[PDB]
Ligand SMILES: Nc1nc2c(ncn2[C@@H]2O[C@H](COP(=O)(O)OP(=O)(O)OP(=O)(O)O)[C@@H](O)[C@H]2O)c(=O)[nH]1
Ligand SMILES: Nc1nc2c(ncn2[C@@H]2O[C@H](COP(=O)(O)OP(=O)(O)OP(=O)(O)O)[C@@H](O)[C@H]2O)c(=O)[nH]1
Ligand SMILES: Nc1nc2c(ncn2[C@@H]2O[C@H](COP(=O)(O)OP(=O)(O)O)[C@@H](O)[C@H]2O)c(=O)[nH]1
Ligand SMILES: Nc1nc2c(ncn2[C@@H]2O[C@H](COP(=O)(O)OP(=O)(O)O)[C@@H](O)[C@H]2O)c(=O)[nH]1
Ligand SMILES: [Mg+2]
Ligand SMILES: [Mg+2]
């Protein structure tokens with residue numbers, strides 16, 4: 002029941018830094034690599059009294075990779091895991107896809123094969139990358155293409171990060187987003203959307219942190235991934251595997267873009283006065299103010315909904331809460347899907363980390379849905395891309411790296427076809 | 002059984018501050034949130050289910066929200082004695098106030114604060130299971146209470162509708178006041194108050210001042226005593242839901258037995274005995290004299306004279322050592338008295354409610370421990386007199402168009418003033434017609 | 002469970018904590034909450050100390 | 001009368017790794033019945049006693 | 178003896194495992210748990226918090 | 001053997017039934033824990049009518065508790081003899097009617113009557129041979145008047161040939177609790193006249209007067225009135241539960257009190273009723289009981305029989321007595337004030353004797369008299385109804401539930417016809 | 001002699017089988033470690049129907065377990081009475097269907113059902129007079145519904161004359177766990193209507209309602225529901241294992257309950273089921289057993305028989321009774337409620353008596369109702385199916401593995417003709433022929 006995670010770019014490996022710290026603290030593995047069988051899906055019993063994470067951290071720039079190498083977890087990671095190039099893609103999809111990407115792609119794929127060889131019950135892959143940059147967008151695209159042609163139907167979960175609409179950190183990022191989504195549409199099995207301003211709002215509102223850094227965002231992402239993979243790791247009353255998500259959450263092969271939500275996100279003090287139970291945190295997992303992508307599901311229809319429960323949770327109260335939600339009319343399900351809910355319960359309560367902001371919570375919910383607000387997200391990105399492409403701005407860089415303007419167009423009509431598909435499905 | 006109280010406006014916040022202190026003292030909850038360690042579980046507990054929910058371990062959060070546009074009073078609450086009692090997200094606070102302007106708080110500022118209050122109320126009601134009905138506290142003289150209070154009433158009626166909404170407002174006093182533009186606020190709030198509030202009870206400050214000066218012989222009273230008296234009335238009218246009685250009356254009975262017409266819901270209020278710690282010992286308190294004491298205009302909480310009107314309906318609250326025989330005798334003696342006349346329509350014009358728990362006392366207050374008390378809530382046509390009195394002086398200052406430029410600038414027009422004018426005139430005519 | 006099974010079907014701790022319905026409805030770890038609160042207070046103390 | 005009072009049965013560990021080690025290894029933990037152990041009461045020296 | 182009528186003072190029927198006044202304790206049957214004001218009748222609340230997972234009920 | 005099923009509606013119905021079951025359980029000698037601890041074998045031979053043997057001397061009452069609020073059931077289980085009722089028999093609404101005939105007759109009764117009907121059907125088929133049904137409720141409240149009348153309709157349409165008693169408390173103008181008393185009372189009476197087999201009229205004004213003059217009590221709470229009502233209810237059914245020299249069941253009393261099917265409204269009285277201070281200064285003789293039984297001030301209704309004619313009457317006696325004095329006293333009281341009895345019905349008085357008196361007594365009686373003065377209260381209520389309805393006062397709280405103005409007009413017309421025929425037979 | 005084999009499929013089937021084997025092991029007096037330590041000789045005479053004697057009073061259950069993921073088998077082993085099951089009877093794969101009927105019916109079932117057939121055939125030939133097969137599984141999951149139905153088809157193809165019971169839980173709308181429940185359920189029913197000898201429809205709606213209303217339990221977990229199902233199965237099998245005044249084997253019930261071969265869907269209930277705080281108030285007599293037996297709220301399907309007619313009925317009785325009282329209660333219930341019984345069959349009710357009650361009781365009852373109101377569930381599932389199937393929803397998970405739309409159309413058509421046949425037999429004219 003092993004799963005290997007690939008981290009592409011700076012953001013991917015920072016998310017991995019949070020995730021692996023959480024994993025090591027959760028299974029009792031010390032940073033040196035020794036415990037003082048649930049660990050089998052992330053760690054491997056190597057030699058005697060040693061565990062090595064099943065992960066490859068790949069980036070084209072050394073700064074962050076050897077910062078990870080020099081940190082506390084020197085011994086935990088095998089030295090051959092942390093792949094590092096010599097020069098950066100420099101926010102250039104074409105550069106990281108044709109120029110520097112080709113050189114480092116072969117080494118990563120051979121390492122992936124060795125991890126897969128040990129993996130006897132490999133459930134699937136799950137990726138981390140940010141499409142705004144060059145390495146996470148350019149090299150990630152080629153890596154997914156060759157990983158798919160190597161395996162074909164193996165599950166590759168996408169925990170990607172699209173640029174946020176109003177706030178962003180670059181100028182050339184719409185081009186990278188479009189040229190990466192053209193392949194993320196057809197090569198990713200399940201994609202989980204993750205926006206930055208939404209997590210900023212979540213931290214400002216719920217965790218009342220007025221000055222949040224990327225560390226809190228990565229910690230929340232790690233909490234989501236842990237609550238998602240606890241069914242693989244720890245036993246519950248009613249667990250679900252990776253194939254469950256594809257089977258019960260993907261109505262059509264071209265529609266895999268999942269909104270993420272988690273509850274309860276609470277501080278230590280506000281945990282004193284809120285009656286923390288199962289029903290109201292399920293209610294809090296459906297409001298747009300507690301979603302990880304700034305989109306309004308009120309504008310769309312739910313094709314399906316998934317629910318992950320952890321802690322002291324029984325089927326009775328989750329069934330009651332699902333019935334209560336189905337009786338509500340604030341959110342509406344699509345007509346062709348009359349049973350758009352799927353529940354899952356795990357015994358293991360969520361863990362806490364020293365220095366973290368989340369309180370010790372005895373029951374938590376991780377929500378993964380599928381609505382059509384992603385449709386307006388795509389069009390909102392497309393309008394900004396088309397504004398830039400009308401004057402042929404920054405195109406000369408990509409043309410110089412080796413690609414031509416035909417890719418830009420074909421990606422534009424690919425997005426247009428996707429918009430039409432999402433509009434037709436919601437009817 | 003649950004009831005959640007929303008307090009809108011600075012006056013609403015102070016009234017809620019008195020009410021929740023009285024509630025915590027009445028159920029034995031310490032100001033820090035948890036009941037004392039020496040408490041022993043037994044019969045009589047769990048009564049706080051309709052006001053406090055149990056969270057975490059040993060913590061009771063009130064089923065309430067304070068909402069205001071100016072943060073001074075909310076911050077004083079957040080810093081005062083009951084710091085740990087209220088959930089921080091419950092006390093909604095704005096960034097700028099409406100500044101005695103119905104238009105500003107109804108169209109400019111209230112639009113961005115109404116959504117948060119409704120979002121909190123939705124989850125508060127979802128926590129509840131046997132919600133009886135809402136009740137709102139506000140002062141129509143001010144801006145936040147009147148301006149966006151109408152918006153909250155609008156959206157509460159839209160969201161639920163059939164659930165009860167008790168509107169215990171604070172109208173400006175006829176001769177004494179604190180502001181200038183309060184007639185516009187009162188008229189524009191009343192226009193939206195007719196078709197949304199199921200039952201309304203008038204609260205005037207001058208009447209409570211007279212009650213305190215005359216009966217409680219406090220010659221320098223502040224708002225604290227007025228709020229304490231309002232809280233005592235609220236507790237006396239919610240104790241039937243809370244504690245067991247020989248014959249108890251619910252919040253749903255008020256509409257059935259006091260509202261003869263859908264547009265006529267304006268209830269006068271009285272309370273007795275309002276006695277200090279010195280007069281209480283000397284005079285023997287019995288139901289006859291306290292019932293007779295809830296009938297003179299000098300013991301009413303709104304500056305009006307029911308002698309000029311006709312008692313359409315009456316409701317009687319009893320707490321303490323009350324047996325039905327003597328209350329039946331008292332109501333018979335009232336019915337046979339001719340200094341007050343009942344309307345032709347309601348020959349059985351009384352509804353009595355008896356509860357066992359006597360009213361509680363609060364340290365720092367003025368009333369002493371009493372064996373029995375009566376809370377009076379009746380309906381008459383003197384409300385048609387106070388509304389006409391407010392009519393005359395609203396028209397008087399609207400004739401020359403004073404302060405109107407403020408409302409025009411906020412985004413209103415002159416049409417809404419006229420439609421509120423006509424609605425108030427129609428309500429006046431209905432009040433004089435029903436009494437015929 | 003569907004994939005893994007570590008805790009048995011009648012764990013005394015699990016059965017005790019699930020049978021007490023109050024714990025399922027509400028449950029806290031007050032000491033740890035106080036520890037987190039003091040950790041937060043120490044972090045703003047250290048931040049303003051660096052500024053000083 | 002909690003139902004756990006009448007709960008009878010012998011329990012076994014759930015899923016685990018393959019043993020990969022035999023009992024003949026010195027590092028392999030084994031159950032040694034002897035020495036006899038803490039007998040209770042007096043004159044319980046010999047077994048038919 | 179006079180019997181108080183109407184509603185208020187939640188009794189042996191309204192009381193449920195999950196509400197805002199009921200104590201801790203392991204209960205298998207609702208009606209057995211529905212009578213704690215008659216069974217306990219005088220223990221301090223701190224003791225009920227102390228005896229966390231224990232029967233101490235009819 | 002012959003079985004009686006108890007039905008309670010509303011707050012007043014629940015309290016009256018609680019006191020009634022207390023006194024009945026006392027009569028048959030079962031303890032508040034539900035176990036038999038009597039002495040004589042006579043107490044054990046006729047307990048099937050009101051109790052079902054569960055296990056080891058455990059007997060549960062044959063009653064249904066039904067209303068729309070938790071607190072009444074909580075109080076029923078809080079008081080003494082609250083642990084003898086079977087929890088399954090507490091059929092139970094959740095929202096409340098609250099002094100609204102329409103709410104308890106069309107909206108709230110609709111989804112609750114199915115469970116009440118299921119429970120009463122289960123409990124009726126539990127025993128072999130039903131004798132009749134028994135109902136205690138109010139004509140002024142919401143969940144007692146409307147829901148009770150709808151239950152009456154359903155159970156009459158379900159079990160047509162069985163008997164039925166109705167002990168209904170009617171509001172009095174002197175003691176008025178709610179505002180909507182006439183609106184509920186008129187429609188409840190409209191249903192009752194066309195569906196109920198026979199009705200016993202009760203009101204709190206008469207009971208307060210009785211506890212004032214006769215019992216001489218300072219604080220006559222609802223406990224004393226409920227005690228009087230429970231004593232009357234036990235007295236009516238005494239012959240079925242114990243042997244006697246001349247027995248009389250429900251049907252035997254009904255046939256001797258109802259010459260016309262629409263005249264089934266009786267005014268009731270109980271005897272003896274004397275204060276404890278004056279308890280030793282009196283003798284226990286049949287004339288001393290029949291002088292108080294026929295007294296107008298001893299009756300439990302606000303309708304003076306001296307303003308009308310005793311159309312029929314019935315008396316049920318308890319205790320080892322002489323039938324000679326019973327017959328002589330009835331004949332003498334019939335002959336003396338011959339102006340108060342109707343002309344075309346000779347021998348207006350029906351009598352029955354049981355030899356088992358209630359606990360603490362050796363001589364007791366119960367009066368059920370069909371008089372034509374019972375329409376005085378109907379006129380007194382109809383005049384208030386006409387005064388209020390005449391320009392649609394409080395109407396919106398009834399029309400908005402689906403009701404129409406015709407329900408008021410038809411109810412008024414039928415009540416007027418009832419009082420007209422009652423005055424005609426005078 | 002008479003032999004019954006138990007087959008468990010999927011997670012739900014495995015848990016139900018665990019509870020059933022626990023209660024049966026308790027009933028027959030064997031300890032959790034597998035040896036006999038009972039008291040009476042009645043516990044030895046008829047244990048061959050469920051156990052094989054190995055060595056020194058060791059009796060191994062005659063069961064075959066099934067799944068596709070190790071968690072269920074490990075949970076079965078680790079629980080109490082987990083050391084009685086033979087490790088060779090754990091025919092098993094380790095990939096997982098994943099809530100997919102097609103995966104458990106064509107891709108994964110095709111290679112594992114051969115090992116299942118080996119195990120079950122070695123078992124079925126390990127006995128002298130096989131009475132019938134007994135299968136418990138789900139219709140919402142993938143490894144229990146699809147692979148279970150394929151095993152049912154294969155067994156019916158190999159052994160045609162033997163009996164076959166199916167305790168199958170069906171999805172219901174008030175509690176819907178997964179999304180593809182109608183797709184699995186429709187095709188599973190399409191298979192059962194042609195392969196299964198008789199079916200007993202279960203669902204968690206009625207189990208939860210029974211626990212909430214009748215038992216009044218605070219927290220009705222799956223343990224209580226599995227216990228109820230296990231008690232139902234034990235009361236079904238009781239006649240074979242213990243002497244009585246009137247015996248009724250599974251074949252006798254099938255021939256007394258099935259008037260036409262496609263009408264083999266039964267609704268079941270158990271009696272008595274009362275709260276511990278309320279067991280003091282109630283009388284304990286045979287009429288109390290029968291009255292709660294016939295109650296609609298005691299039934300274990302979300303289908304009220306009041307909405308239809310009783311075609312036939314059966315009641316299973318345990319404990320020493322008088323046949324007079326049973327017969328008169330049946331006659332009374334059959335004659336009073338005259339409109340709820342079909343007319344072209346007089347004496348719709350079959351009865352039998354056993355002398356041994358279940359643990360903790362002295363008398364009990366089990367009711368089987370072949371009603372025409374069961375097609376309410378089939379319509380209630382078919383509406384969701386035809387709403388979802390209208391625009392090919394989730395279809396690529398089935399057509400992308402070998403299936404075509406024609407299978408879905410055939411399943412829908414078969415379900416529709418089944419409900420139409422039930423409806424016509426409900427309102428069939430009483431006294432005519434053509
Ligand atoms: N959520 C989240 N997003 C991040 C984080 N770090 C970087 N990003 C996103 O990544 C985008 C730019 O890519 P980077 O991750 O900084 O680096 P890169 O993808 O390797 O691209 P290069 O700079 O060319 O190497 C920014 O627009 C951010 O939105 C992070 O820690 N958390
Ligand atoms: N009875 C009573 N009335 C009060 C109290 N405090 C304020 N008021 C009334 O409130 C009115 C003015 O409104 P404020 O309470 O000051 O504040 P507001 O209602 O939010 O209106 P703005 O100040 O314009 O935002 C005055 O005319 C008073 O009559 C109080 O403690 N008791
Ligand atoms: N005798 C008697 N009368 C009662 C009792 N409880 C209430 N009442 C009378 O019933 C009337 C109110 O009925 P109500 O409780 O509203 O009926 P409900 O709404 O159907 O429950 C009042 O006039 C009371 O005088 C009681 O216990 N005994
Ligand atoms: N009665 C009962 N139902 C169960 C149990 N376990 C699971 N279920 C139900 O079965 C459905 C899921 O079936 P699943 O376990 O996936 O079947 P499988 O894939 O064949 O193992 C859910 O709707 C549950 O409600 C159980 O132990 N008892
Ligand atoms: Mg970078
Ligand atoms: Mg203000």
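Residue numbers (the deposited numbering), protein chains in the order written: chain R1, 2 to 37, 47 to 437; chain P5, 2 to 437; chain 4R, 2 to 53; chain 7B, 1 to 49; chain 7G, 178 to 235; chain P4, 1 to 426; chain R0, 1 to 434. Yeah, the Cβ is synthetic: ideal placement off N, Cα and C, and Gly gets one too.
Discussion item. Helix, strand or coil, according to DSSP, for residue 293 (chain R0) in the structure here?
Written reply: helix
Item to complete: Quick one: grab the DSSP three-state call for residue 194 (chain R1).
Response: helix
Practice prompt. Just the chain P5 side, please: which residues come within less than 8 Å of residue 96 (chain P4) by C-beta, in chain order?
Written response: 251, 253
Fill in: Straight-line Cα distance separating residue 318 (chain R1) from residue 168 (chain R1)
18 Å
Worksheet entry | Cβ neighbour criterion (16 or more within 10 Å) applied to residue 345 (chain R0) | exposed
Discussion item. One question on the structure: do residue 189 (chain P4) and residue 263 (chain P4) come within less than 8 Å of each other, judged by their Cβ atoms?
Written reply: no
Worksheet entry | Distance, residue 210 (chain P4) Cα to residue 431 (chain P5) Cα | 46 Å
Worksheet entry | Simplified DSSP assignment, three categories, for residue 104 (chain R1) | helix
Fill in: chain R0 contact residues for residue 87 (chain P4), given Cβ-Cβ distances below 9 Å
216, 275, 277, 278, 281
Worksheet item: chain 4R partners of residue 285 (chain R1), CB-CB under 9 Å?
Response: 26, 27
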